[PDB]
Amino acid sequence: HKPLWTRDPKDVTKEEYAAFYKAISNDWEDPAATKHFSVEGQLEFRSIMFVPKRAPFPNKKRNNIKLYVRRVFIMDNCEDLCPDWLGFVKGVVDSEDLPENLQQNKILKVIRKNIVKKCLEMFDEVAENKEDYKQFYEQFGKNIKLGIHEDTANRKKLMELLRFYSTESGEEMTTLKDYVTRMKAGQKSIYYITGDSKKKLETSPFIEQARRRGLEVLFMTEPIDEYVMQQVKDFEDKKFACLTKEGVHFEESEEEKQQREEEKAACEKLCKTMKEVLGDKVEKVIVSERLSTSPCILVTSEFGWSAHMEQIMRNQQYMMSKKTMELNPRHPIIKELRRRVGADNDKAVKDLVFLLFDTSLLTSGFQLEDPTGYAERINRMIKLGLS
Amino acid sequence: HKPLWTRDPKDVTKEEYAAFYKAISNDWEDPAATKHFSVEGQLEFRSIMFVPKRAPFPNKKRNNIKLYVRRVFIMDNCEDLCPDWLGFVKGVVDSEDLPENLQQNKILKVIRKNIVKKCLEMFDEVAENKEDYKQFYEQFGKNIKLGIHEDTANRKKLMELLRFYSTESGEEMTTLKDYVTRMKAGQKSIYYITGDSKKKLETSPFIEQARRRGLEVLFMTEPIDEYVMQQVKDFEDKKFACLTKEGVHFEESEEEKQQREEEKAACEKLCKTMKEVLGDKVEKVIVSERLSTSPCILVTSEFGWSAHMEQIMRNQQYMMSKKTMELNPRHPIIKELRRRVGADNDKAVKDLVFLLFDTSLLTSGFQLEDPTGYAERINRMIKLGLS
Amino acid sequence: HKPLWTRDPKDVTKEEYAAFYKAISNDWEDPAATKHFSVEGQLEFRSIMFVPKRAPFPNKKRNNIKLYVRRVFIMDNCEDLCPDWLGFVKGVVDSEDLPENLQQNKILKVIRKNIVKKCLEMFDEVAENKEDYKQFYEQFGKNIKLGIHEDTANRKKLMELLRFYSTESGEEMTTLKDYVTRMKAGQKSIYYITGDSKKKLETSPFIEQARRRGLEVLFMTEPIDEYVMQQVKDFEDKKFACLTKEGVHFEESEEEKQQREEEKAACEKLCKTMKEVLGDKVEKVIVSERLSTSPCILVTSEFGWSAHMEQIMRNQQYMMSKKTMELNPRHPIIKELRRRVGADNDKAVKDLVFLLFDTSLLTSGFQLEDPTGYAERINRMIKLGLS
Amino acid sequence: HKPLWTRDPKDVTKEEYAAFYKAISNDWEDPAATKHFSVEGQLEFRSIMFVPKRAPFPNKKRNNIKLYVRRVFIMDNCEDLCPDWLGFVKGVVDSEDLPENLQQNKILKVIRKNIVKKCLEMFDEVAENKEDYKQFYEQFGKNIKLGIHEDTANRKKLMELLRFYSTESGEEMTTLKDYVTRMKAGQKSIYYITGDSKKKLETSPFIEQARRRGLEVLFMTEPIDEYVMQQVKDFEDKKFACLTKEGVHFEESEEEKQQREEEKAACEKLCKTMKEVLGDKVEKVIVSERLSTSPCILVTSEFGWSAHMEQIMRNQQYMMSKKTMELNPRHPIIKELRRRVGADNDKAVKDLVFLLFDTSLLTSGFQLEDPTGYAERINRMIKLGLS
Amino acid sequence: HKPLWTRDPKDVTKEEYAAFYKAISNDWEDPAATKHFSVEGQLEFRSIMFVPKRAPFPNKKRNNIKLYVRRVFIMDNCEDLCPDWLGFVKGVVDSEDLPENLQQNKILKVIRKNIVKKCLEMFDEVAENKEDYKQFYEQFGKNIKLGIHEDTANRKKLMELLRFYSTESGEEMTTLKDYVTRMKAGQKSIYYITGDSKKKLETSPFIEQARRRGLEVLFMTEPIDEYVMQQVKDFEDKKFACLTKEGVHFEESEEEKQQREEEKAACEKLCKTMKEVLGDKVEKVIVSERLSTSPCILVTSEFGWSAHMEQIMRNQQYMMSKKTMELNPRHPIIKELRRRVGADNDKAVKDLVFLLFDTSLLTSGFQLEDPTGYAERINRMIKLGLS
């Protein structure tokens with residue numbers, strides 16, 4: 001009898017792989033996936049890598065990979081074998097030629113490179129089955145995203161393992177490749193928004209005009225998505241564009257251009273009034289091109305933290321964005337304010353402006369610092385309606 | 001030269017205590033407080049305990065207390081010396097008679113008892129100076145509260161170390177003893193509410209009628225306060241009463257009783273309508289006795305999780321309370337709804353009810369699951385006012 | 001394939017339980033007993049607990065119980081799962097809802113409570129078979145007794161697991177329940193004595209009059225029994241009474257009362273002489289009611305350490321009892337001394353008194369500090385007999 | 001500034017040594033003794049060794065000696081530096097030429113050899129002051145004795161560090177050298193006995209005839225003395241002779257020889273009777289040459305465990321000795337038995353024999369298995385005397 | 001089911017031994033050899049020891065042997081069970097009577113003694129098969145040699161496990177016993193040389209005259225052989241003699257004696273000249289008796305480091321030998337120099353002497369410090385030949 005990793009992978013049964021996985025870990029479930037491989041040439045080694053069904057839980061070095069040299073056990077703690085983001089993989093390495101400090105490092109690097117390559121290969125194998133991938137990605141999506149934040153070397157492969165709900169995907173997640181395949185002729189950006197939940201993101205005001213124009217928007221639901229989007233600027237030559245931020249332009253018709261410029265001018269006074277009324281609470285007030293059904297939204301700066309990122313941070317300094325209010329120039333409420341300002345009906349305008357602002361915090365993904373102050377405006381607004 | 005703990009405490013200087021504290025810990029600051037004591041009689045030992053200026057940060061046993069027997073070092077890991085909630089204290093114990101398993105346990109218990117006693121004594125010494133206590137309590141308030149949750153033996157002493165802002169304390173915290181001293185003649189309960197911040201709690205709708213009646217309310221701002229209030233039912237013979245919960249009654253005049261009963265009946269139809277309109281979203285709708293200026297609030301059940309507790313949990317099962325809506329029968333909005341229901345003006349009532357409900361979530365300390373749905377009602381309500 | 005603990009216990013074979021026990025411990029023997037259970041409701045978890053056939057052997061936390069959350073391994077070191085006295089149990093816990101510090105503690109407590117409950121259930125199952133219990137109790141009797149010394153919550157169940165030889169049990173141990181069933185009509189106390197061995201205890205002078213009266217006496221042979229008897233005052237409403245101590249009275253007839261009082265008075269002079277002769281070596285000399293065949297014994301104080309406890313301590317301060325000498329007023333030797341004192345034949349009385357004292361140390365469970373001094377009296381006593 | 005060990009020892013003050021001792025250990029007392037030395041030639045190193053005032057308290061290697069190579073810290077765990085019995089010494093080693101496995105071992109051995117040499121030198125320095133040695137030896141006597149049990153290389157030096165009370169030393173301990181100086185002309189053996197305490201040993205029956213003859217006897221009071229006396233047969237060419245064992249002869253006159261032989265024959269019948277009466281309880285009964293004042297003793301075999309050793313073992317197989325009874329042929333009791341046997345007055349002889357036997361257990365350093373059986377004989381013996 | 005070690009060894013299958021070996025180690029290969037034994041008498045224990053197929057790889061104690069007492073696991077770290085040189089053996093010990101410090105040490109020693117005995121027995125069993133031994137010895141030859149360097153107690157058995165190529169063994173290794181069997185009538189020494197490789201040693205100049213005389217020479221190829229030969233002076237009463245050192249004499253005929261003495265005198269002038277020419281580079285120049293075909297060699301001192309040992313050390317002080325040049329008095333080159341010196345053709349002699357010296361460094365197992373200086377002499381020597 002001989003170690004399992006030294007056998008021909010076509011001769012090992014699923015049950016043998018499973019029992020060996022259990023022997024080398026604390027898991028009592030069968031592994032979700034297995035990759036048994038060998039590397040020949042400059043370096044020679046053999047290896048079995050496993051993906052568990054479930055994601056695993058200071059002074060402790062990571063011990064997911066047992067190290068053997070020429071079939072002799074060395075240690076279970078060799079961190080250099082495997083990057084932190086792959087820490088969930090359990091396996092063995094048996095190296096024929098590990099041996100003074102730098103020769104060893106070169107060998108460890110080459111081994112790491114190949115382990116990553118083969119793990120990526122394995123995840124791509126899992127992805128052939130939709131249901132299996134769904135379950136892998138629920139457990140290890142965070143890990144792939146971590147890999148993107150640091151393993152610039154495998155960017156494309158890692159990016160292709162990502163999944164996201166979108167405005168076009170329905171009750172299933174889509175891939176970035178398929179998002180790109182569905183892109184319209186002159187579409188330059190891949191649009192996304194971040195937030196707490198799909199339910200909330202799918203009724204988001206930020207995507208109103210994108211929907212009408214046929215621009216698919218990706219929903220990014222995970223705290224980590226925020227950091228990934230800081231490091232990653234594009235994919236298959238298309239830029240990411242966040243629809244909760246300044247700096248996002250839709251592709252416009254020459255006719256559309258003029259329509260927007262004409263609407264901008266008509267709202268200049270209203271914009272300036274709302275700014276003056278709101279003081280330091282916003283950086284500015286401008287005419288939106290993102291809204292259809294909503295009167296206004298609060299948008300974050302191009303380079304700073306988003307609303308969603310901000311509240312992840314408050315819950316858990318010079319990076320948090322000032323807010324920009326954007327107005328729907330076609331919305332009835334906005335139209336009425338423009339006229340009441342055009343004739344400034346001045347008292348009521350203030351109340352209305354703060355009410356729109358405070359409500360925009362709620363819809364734009366911010367918390368209200370002062371809910372009873374806000375309640376007071378709601379109550380006054382209701383009193384009006386009632387009599 | 002001899003160990004510092006074996007000297008007469010009246011002969012040791014602050015600088016000697018400080019250098020010894022630094023030698024036995026990783027802190028490079030002077031300790032905030034020092035307690036050097038000895039126990040005689042059944043057991044004999046000597047000890048120096050220190051409180052640090054700042055609160056300290058799986059397989060590791062706690063090592064805040066070095067153990068010596070007859071001046072000989074034994075271990076730094078003897079957990080039995082000191083309960084977990086005192087883990088922040090650094091010190092030494094030198095026992096003359098530690099020695100087979102049970103004789104040792106008895107001795108360890110008696111030593112623990114005395115360490116707790118003397119640490120409590122020390123905190124009470126720190127409390128003589130307001131500014132020093134302010135700083136101790138900011139760091140170790142959590143620890144005292146933890147002690148209350150488990151050290152039933154020292155309840156009173158621990159309870160007397162607590163501090164809270166209240167409706168009467170101003171920009172300073174008060175004690176429970178002083179709260180009790182300020183209590184009105186027939187006052188039975190110690191009133192409190194929990195929440196995110198003092199700023200928010202001081203404008204809370206839950207305390208409107210308590211203020212008018214001269215009932216002081218304590219503001220409890222810390223996640224842990226929630227658990228303390230589960231274990232602790234009273235203090236100096238007065239019950240705690242949470243003003244965000246059902247089951248709280250103010251002491252009433254016979255005249256006040258009748259006034260409330262008469263107001264209850266007049267709102268029965270409105271209450272039943274609002275229930276029918278709201279369906280499963282509330283357990284019931286009733287007439288409040290807590291409100292003065294606000295139209296309504298959402299209150300939690302007597303035995304279940306509070307609003308504040310709930311959102312600590314969502315962020316971090318059969319314990320989360322159903323909500324009860326309470327109405328201010330004297331509030332203009334409520335009066336108008338009563339009449340519009342008394343004559344049911346039926347369409348608009350629904351909108352108004354959900355609007356009041358959703359706003360109550362905001363003021364009663366809950367999150368909105370659906371902010372764009374809520375925005376839609378706000379917008380419709382505004383449209384009414386504008387025309 | 002799935003973890004064994006997640007299967008229906010009625011479907012797992014003894015061999016499966018055995019192999020799993022071996023996989024999670026260092027034992028290569030089958031477990032003596034197995035308890036596979038689940039808890040539903042507030043908390044949900046599943047668990048397998050094992051009792052080994054043999055009792056197992058500073059910086060090391062106890063690792064008898066592996067912890068899993070939702071089938072994912074967490075740690076093997078979670079001490080909160082299981083009290084120290086159950087440290088011999090090997091098992092796994094798989095919790096569906098372990099998750100910030102206090103919510104976790106509550107869950108850990110509830111889990112501990114249930115583990116203790118189910119282990120106690122298991123020991124009670126083992127007890128259905130006499131031979132199996134005999135073997136369990138030989139290994140883990142010390143553990144049950146430790147549990148009694150600290151787990152006040154499970155007093156009755158733990159007390160019912162105890163076994164002791166008694167004056168009525170023969171070559172088998174009895175239970176406390178059966179002792180109580182055999183108690184005479186007006187019997188108030190459960191009588192016991194402690195000592196080195198059954199052989200020695202069954203010929204003990206302390207039980208002479210108890211035997212004649214039909215009062216069963218329990219023999220307590222283990223060092224730990226001493227501590228258990230300090231904490232535990234009674235069982236099924238009957239007090240424990242130590243027959244090696246002062247403070248023990250048999251239930252007497254009105255006729256028996258008078259007989260004892262009359263015998264007391266007749267021995268007052270002898271008692272006072274023996275005291276005067278013995279000086280500080282005893283607290284007092286009194287007439288016994290415990291003796292039948294022996295002339296005298298040494299008895300320990302009601303609240304202090306017993307003879308047996310004392311010698312456990314010397315071998316391994318203000319707790320060790322002064323001795324009280326009790327005399328058999330009907331014994332020939334005592335009768336002769338009473339007359340020789342009544343007429344004080346004064347020289348020989350001294351020798352006789354110390355001889356009785358030193359011999360009483362031997363029979364009452366004390367060591368002789370001065371065996372050659374004692375030999376000298378024996379030799380002088382022999383010389384008399386020989387001529 | 002430079003490491004203290006690299007300074008000239010004549011230039012370092014007691015206070016510098018003390019502070020450095022405290023820095024490298026957990027002791028807060030000044031060291032009792034200091035040895036700062038260097039080795040030159042084949043190997044070069046420097047070292048400071050300390051003896052603490054008090055004796056210090058599985059996976060942990062011993063860390064009493066810090067290791068430096070060329071002033072660079074290596075480890076504190078190098079066990080090879082210092083034998084286990086010197087584990088109480090705290091110090092540093094700074095080696096100029098530690099560097100593949102065997103060259104290092106040679107160097108470690110030579111270093112160990114020199115450390116032992118210099119520690120032995122230091123203990124011999126402490127011994128110049130009687131009071132200081134008294135205190136060292138109370139703490140570390142066990143260590144020197146351990147060294148003798150294994151460090152055959154330093155036998156003489158270690159043997160000269162030993163101290164013992166003796167029949168001639170008074171309230172002070174003596175040395176082996178001085179014992180040898182006091183030996184009589186033709187004295188071949190160094191006599192000793194072992195036991196619980198000096199008080200008991202000084203009234204021991206085993207030494208009665210040794211006292212009269214002017215043979216000094218050493219009192220060995222410590223459990224470890226038993227093992228030392230197993231390994232060590234002699235000192236300065238004189239054998240050790242245990243006076244509690246068979247195989248010990250005093251030097252006799254030709255006249256003394258005949259006297260003993262004549263007494264042997266006269267007691268042959270008594271000896272054989274006592275054997276027959278005692279059965280398996282003794283190996284034999286013989287005439288003693290050790291007794292003067294006592295009638296008899298129990299002696300242990302030449303090669304087996306002594307009485308004292310036996311009871312150390314029972315408290316904590318084929319090594320425990322059968323007992324031999326030796327009789328004082330000149331003792332009145334023995335004389336009377338000889339005559340009563342010479343005429344066998346047969347009933348009473350049995351009682352007397354067992355009484356002498358059981359009493360001999362007490363004086364010869366054994367426990368009584370059956371104290372109430374023994375009490376019964378005492379009582380019967382007393383009854384005789386009383387009438 | 002019961003632990004494997006408690007079964008009768010004749011009843012356990014190879015597969016059971018293999019699976020148990022894998023369970024207790026990190027090896028996934030079957031063990032190379034197994035020894036399952038028990039010891040009865042004074043001590044009682046049972047044990048299984050394994051030899052792995054391959055040799056295994058600071059704060060870590062050695063854990064090759066699991067310790068059980070009465071079937072209960074104690075620790076895997078008990079170093080006292082097994083000497084460091086046997087550290088490669090994996091096994092279990094189950095002791096019936098391990099239990100205060102010294103009784104335990106005695107038991108541990110006796111256990112160690114028996115483990116070594118049985119491991120030695122096992123290696124001797126492996127040696128029955130040539131191919132199996134070849135493979136064992138390639139892995140663990142270093143270990144046996146380490147054992148010889150320290151386990152003086154098992155010298156003969158360990159020495160018999162050694163294997164070496166020799167001038168007579170061919171492509172196979174021989175044993176020391178067989179070397180001794182092949183020794184000539186009056187042969188006193190066992191001859192050896194050390195060096196880098198068999199290939200190099202078999203063409204060594206040091207063995208030229210030994211071959212002609214029929215004296216077998218052992219080739220010692222391993223760094224450790226150097227240390228073994230320092231500690232071990234002989235085997236089956238024959239001394240080891242190193243042929244690279246001074247102090248080695250062949251057994252000579254009376255006729256051979258005279259022949260050598262006559263050749264010595266004739267070369268005295270040449271020897272003295274070469275010394276004068278070479279200065280401090282050699283200790284002396286003498287006539288060799290070891291050479292046949294070579295003109296000269298460099299030999300090391302009797303007590304110091306050899307050439308091979310020296311270069312092990314340089315690569316990895318007062319121990320490194322000065323060199324002695326020995327000349328072949330019958331070699332043509334030496335003859336010509338003798339005549340050119342006899343007539344001193346003085347210029348060329350110097351060049352020739354250094355050339356012979358530098359070349360001798362190469363053949364005698366030393367490195368050249370100055371290869372371009374040496375190249376210059378080679379070039380000048382070539383220039384002569386070419387013209």
Side-chain angles (χ1 to χ4, degrees), chain D residues 102 106 152, chain E residues 83 85 113 116-117 119-121 123-128 130 133 137 140-141 143-170 172-183 185-195 201 204 206-211 213-222 224-247 249-253 256-257 260 289-290 299-306 308-309:
Chain D
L102 284 98
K106 197 167 280 293
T152 345
Chain E
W85 67 269
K113 201 170 186 179
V116 170
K117 190 194 180 181
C119 285
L120 290 172
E121 221 172 271
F123 307 155
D124 178 72
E125 266 145 20
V126 177
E128 326 275 12
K130 250 75 165 195
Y133 199 72
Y137 191 81
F140 302 117
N143 296 89
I144 292 135
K145 278 160 214 194
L146 267 171
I148 294 157
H149 197 265
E150 71 184 59
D151 196 331
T152 345
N154 290 295
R155 183 53 55 86
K156 190 186 149 194
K157 297 175 175 183
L158 284 160
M159 290 294 281
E160 283 171 355
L161 267 7
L162 265 20
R163 297 298 184 270
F164 302 101
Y165 292 110
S166 82
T167 56
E168 299 189 24
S169 72
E172 309 288 343
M173 296 205 187
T174 187
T175 65
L176 290 171
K177 270 174 88 179
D178 293 339
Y179 177 107
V180 168
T181 298
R182 291 182 295 271
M183 281 173 78
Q187 199 189 327
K188 285 280 187 174
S189 304
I190 297 167
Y191 295 105
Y192 70 101
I193 52 169
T194 70
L201 295 171
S204 174
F206 302 107
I207 72 188
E208 283 162 19
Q209 212 54 241
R211 271 198 201 276
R213 288 168 172 286
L215 306 170
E216 185 176 355
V217 180
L218 307 165
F219 299 146
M220 306 194 177
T221 262
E222 305 298 307
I224 198 163
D225 299 326
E226 218 66 52
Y227 292 91
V228 171
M229 293 297 127
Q230 282 181 341
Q231 258 40 118
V232 178
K233 288 86 174 182
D234 63 26
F235 174 80
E236 292 175 7
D237 267 58
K238 335 291 265 174
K239 260 103 174 212
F240 288 95
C242 186
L243 283 174
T244 75
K245 303 192 186 201
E246 280 201 5
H249 330 286
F250 295 144
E251 295 297 292
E252 281 185 338
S253 171
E256 282 191 310
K257 209 204 222 302
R260 193 258 283 97
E289 70 154 5
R290 307 152 130 111
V299 125
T300 259
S301 81
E302 169 176 320
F303 333 70
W305 284 349
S306 74
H308 176 58
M309 177 58 167

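Quick note: numbers below take in every heavy atom, side chains included, and nothing from hydrogens, waters or symmetry partners. Sequence lines set the chain letters: A, B, ... in the order given, protein chains first and strands last, and positions in each chain run from 1.
Of the charged side-chain nitrogens involved, at least one lies within less than 4.0 Å of a carboxylate oxygen, so that E/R260 and E/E252 count as a salt-bridged pair.
Partners of E/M229 according to the side-chain contact (heavy atoms from CB on, under 4.5 Å) rule, which considers only residues two or more places apart in sequence or in another chain, are E/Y192, E/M220, E/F240. Taking the side-chain hydrogen bond (donor to acceptor under 3.5 Å, both in side chains) definition, one finds that E/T174 meets it with E/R182, sequence neighbours left out. Legend: residues meeting side-chain hydrogen bond (donor to acceptor under 3.5 Å, both in side chains) with E/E160, ordered by chain and number and at least two apart, are absent. In this view, E/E150 satisfies the salt bridge (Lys or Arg N to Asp or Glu O under 4.0 Å) rule with no residue, not counting sequence neighbours. Residues that satisfy the side-chain hydrogen bond (donor to acceptor under 3.5 Å, both in side chains) test with E/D178, not counting sequence neighbours, are E/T175. With sequence neighbours excluded, no residue satisfies side-chain hydrogen bond (donor to acceptor under 3.5 Å, both in side chains) with E/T167.
Remark: the backbone N or O of E/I207 is not paired with any side-chain donor or acceptor of E/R290 at under 3.5 angstrom. Remark: side-chain polar atoms of E/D225 are paired, donor with acceptor, to backbone N or O of E/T221 under 3.5 angstrom. In this structure, E/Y137 contributes its side chain and E/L161 its backbone to no donor-acceptor pair below 3.5 Å.
Contact of the E/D124 side chain with the E/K157 side chain is not registered, since no non-hydrogen atoms from C-beta on lie closer than 4.5 Å.
Annotation: the span from E/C242 atom SG to E/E226 atom CD amounts to 7.0 Å, rounded to 0.5 Å. Rounding to the nearest 0.5 Å places CE of E/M173 at 4.5 Å from OH of E/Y165.
For the residue pair E/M183 and E/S189, the shortest heavy atom distance occurs at CE-O, 3.4 Å. Contact detail for E/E302 and E/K245: the closest heavy-atom pair is O-CD, 4.0 Å.
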